[PDB]
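Quick heads-up: it's one chain on its own, the form deposited in one PDB entry, in structure tokens.
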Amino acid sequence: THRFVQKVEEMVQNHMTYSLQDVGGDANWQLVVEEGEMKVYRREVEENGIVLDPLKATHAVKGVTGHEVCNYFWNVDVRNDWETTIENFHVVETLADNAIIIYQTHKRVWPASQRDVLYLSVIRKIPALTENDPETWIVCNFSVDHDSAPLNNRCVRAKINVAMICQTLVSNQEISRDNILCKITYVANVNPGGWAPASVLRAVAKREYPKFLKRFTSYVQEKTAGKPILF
């Protein structure tokens, strides 16, 4: 239906195969920040002296569904209500009702050059693998090449592979939001795309990933409160 259908299936299946695994028991992941049910881990990885540090976080959010969380994370029309590190944003291409290509710039992290990013953003429902298992809602944001890439001489091009992966547990009567819990696994593999001082990048990640997870999940709770549930 569009030229990236195969690529999207590969990227989504890779996350379903590899990104949901538990890391509580895994000494290969460093637990860097914990705030209640939010647990943020990383691995320290550098390629040619540039930090790549894979980031993986888990969180458990009361009173929202995975379909709601993924809709709010994917919908560009609400981005400004929760994002705090974006300078500019442009939708470059619409591929399908659930897949777009975006260009964005991030606020500069001194003393490195400002970064920009050009990525496909897709939202998918993955049916339960065995009938005992939960369904999954996933948003995957991953870098792609495009000709309508902006000339932006202030920016170095980063590359990203990010997924927000959600599974929803629920306890003639509707289910209340009191009885719904969204289990999130968030993974971010960011390649800065050129020089940056490692200690600064690592301090920024350790502050900004928890700040994002807290602000974004709180935002979804706030916007859904008192509205009918979208499962």
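Throughout, rigid core stands for the largest set of C-alpha atoms superposing within 1.5 Å between the two forms. All residue numbers refer to positions in the sequence shown, first residue = 1.
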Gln167: absent from a third or more of the other PDB entries compared?
-> no
Sequence continuity check, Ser199 and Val200 (deposited residues unmodelled) = none
If you average the CA temperature factors over each stretch, which comes out higher, 190-198 or 64-72?
-> 190-198
Between 54-62 and 41-49, the record assigns the higher mean Cα B factor to 41-49
Of the residues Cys155, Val78, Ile101, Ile123, the one whose Cα carries the largest B-factor in the deposited record is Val78
Have a look at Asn161, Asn132, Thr105, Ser113 and flag the one whose Cα has the highest B-factor in the entry.
-> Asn132
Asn141 by Cα B-factor - lowest, middle or highest third of the modelled chain = lowest
Third of chain Cα B-factors occupied by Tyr209 | lowest
CA B-factor placement of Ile180, once the chain's modelled residues are sorted into thirds = middle
Would you please rank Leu118 by its C-alpha temperature factor against the other modelled residues of its chain and give the third it falls in: lowest, middle or highest?
-> lowest
Position of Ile165 among the chain's modelled residues by C-alpha B-factor, lowest, middle or highest third = lowest
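What comes next is about the form deposited in another entry, which is not displayed.
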Which of these moves by 2 angstroms or more at the C-alpha between this form and the one not shown, core superposed: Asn152, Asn71, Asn98, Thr85?
-> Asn152
Core aligned, does the CA of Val109 move at least 2 Å between this form and the one not shown?
-> yes
Would one find the Cα atoms of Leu151 and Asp53 closer or farther in the other form than in this form, where their distance changes by 3 Å or more?
-> closer
Closer or farther in the other form: C-alpha pair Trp110, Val40 (3 angstroms or more) | closer
